[PDB]
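Peer 1: In PDB author numbering, the protein residues as written are 1 to 114.
Beta carbons: idealized from backbone N, C-alpha and C, even for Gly.
1) If I measure Cβ to Cβ from residue 62 and keep anything under 8 Å in the same chain, skipping five residues before and after, which residues do I get?
2) Per the contact definition of three or more C-beta pairs closer than 8 Å, is the region 2-18 in contact with the region 41-49?
3) Starting from residue 23, trace the alpha helix (DSSP H) both ways and give me its first and last residue.
4) What residue range does the alpha helix (DSSP H) around residue 80 cover?
5) Buried or exposed: where does residue 27 fall if 16 or more other Cβ atoms within 10 Å of its Cβ makes it buried?
6) Express the C-alpha separation of residue 93 and residue 54 in angstroms, rounding to a whole number.
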């Protein structure tokens, strides 16, 4: 009996950019989570959420698996701030290895396309 308002009043983050469809939610969870955390040791929230929201959003966001997009991003968000997305869906396809090598070692034989 004393908490009727919301809670996102502490962060008070401005968000007017890619917010077009749901990128707002992305730049929001990325900013509000890494921001409120610490303002002295930020890894570069601005430069972080700006360079990440471009991958997990390639084409899986809404017209794909809104179910997975959310889980993947939201849940794995931890690994997102670290490296990237292990292809939440292709994982089973080739998660047994580290695709850190074949990343280009093989496609380098023929990267272009005559």
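Peer 2: This is what the structure holds:
1) Along the chain shown, read from residue 1 onward, the residue named residue 62 stands at position 62. Here the set comprises 21, 22, 69.
2) no
3) As a position in the chain shown, residue 23 is number 23, starting the count at 1. First-last of the alpha helix (DSSP H) with residue 23: 23-37.
4) Here residue 80 is taken as the residue at index 80 of the chain shown, counted from 1. Counting along the chain, the alpha helix (DSSP H) containing residue 80 begins and ends at 76-80.
5) Translated into positions along the chain shown, residue 27 becomes position 27. Counting Cβ neighbours within 10 Å, residue 27 comes out buried, since at least 16 surround it.
6) Translated into positions along the chain shown, residue 54 becomes position 54. Translated into positions along the chain shown, residue 93 becomes position 93. Near 23 Å, if we compare the C-alpha coordinates of residue 93 and residue 54.
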